[PDB]
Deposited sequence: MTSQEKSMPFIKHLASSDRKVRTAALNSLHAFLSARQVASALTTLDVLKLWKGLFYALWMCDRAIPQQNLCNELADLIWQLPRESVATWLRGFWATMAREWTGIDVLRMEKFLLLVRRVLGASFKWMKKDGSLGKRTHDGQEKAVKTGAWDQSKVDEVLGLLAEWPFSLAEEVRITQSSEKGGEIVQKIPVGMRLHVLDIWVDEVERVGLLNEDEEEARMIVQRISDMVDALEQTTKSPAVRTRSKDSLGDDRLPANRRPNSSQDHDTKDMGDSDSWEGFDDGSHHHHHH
């Protein structure tokens, strides 16, 4: 197993220990062969540490910077490791969702927003303006977690993680924001219209299959957005 001695310091009560530990994590991910070999268990340990780094961050502007810093970690990785990295994020947030106290809930809602936003941005071609293989990995994770027709996800001694309804509801009312932010609501480009339509298909399938009246009514809200082409 990899040695990651900085993880236990990400949650330290000393702010400078936390920053130094996070900087060590930055350095750890920059070693290209190490980042290329990241396992599911590796990223689960790293995202658990990052979760508690945000948990310990107490002020609004540091919280916003930290959410941007954590979302930007996606660019530090070789492309073959991004899917595993993001998978570790959603599995971590799914495990922790219901346990987050009220005072700390908002910054984690922001973290999900920034991580999802950076995921959409990472689909853009620097690897037709959209990379289909990257699109399919980001959209595949939407289908695997917030928009899944299943109740749980099997990871890897199987790890089975239930999908908390709060994760679905949060993604349902932010996903249009974040595709708009990266230019996917541009009607003149065919790839973008297809990507938006594909996500809408997933939400609509969730709406017609869920046993949850709340998921069903919030899926309708999500799909009724003024900004989507079908409503204009």
- Note on the structure: Absent from the model, numbered along the deposited sequence, are 1 to 4, 132 to 147, 177 to 182, 259 to 290
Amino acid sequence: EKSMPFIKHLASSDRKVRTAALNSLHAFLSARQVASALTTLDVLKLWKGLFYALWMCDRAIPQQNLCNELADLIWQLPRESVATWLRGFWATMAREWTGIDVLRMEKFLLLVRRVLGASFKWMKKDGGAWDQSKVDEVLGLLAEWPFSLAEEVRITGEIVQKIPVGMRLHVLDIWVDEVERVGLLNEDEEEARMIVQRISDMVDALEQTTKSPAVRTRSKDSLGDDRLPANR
From here on, numbers count along this sequence of modelled residues.
- Message: So, looking at the entry's B-factor column for Cα atoms, which has the higher mean, 187 to 195 or 160 to 168?
- Response: 187 to 195
- Mean Cα B-factor check, 30 to 38 vs 60 to 68, entry values; winner is 30 to 38
- Query: For the listed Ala94, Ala129, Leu110, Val102, which has the peak Cα B-factor recorded in the PDB entry?
  - Reply: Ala129
- Query: Lowest, middle or highest third: where is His9 by Cα B-factor in its chain?
  - Reply: middle
- Query: Within this chain, which third does the Cα B-factor at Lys121 fall in: lowest, middle or highest?
  - Reply: middle
- Query: By its CA B factor, does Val17 count among the lowest, middle or highest third of the modelled residues in the chain?
  - Reply: highest
- Message: Test of reading the entry: by CA B factor among the chain's modelled residues, which third contains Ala143?
- Response: lowest
- Would the CA B-factor of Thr217 place it in the lowest, middle or highest third of its chain? lowest
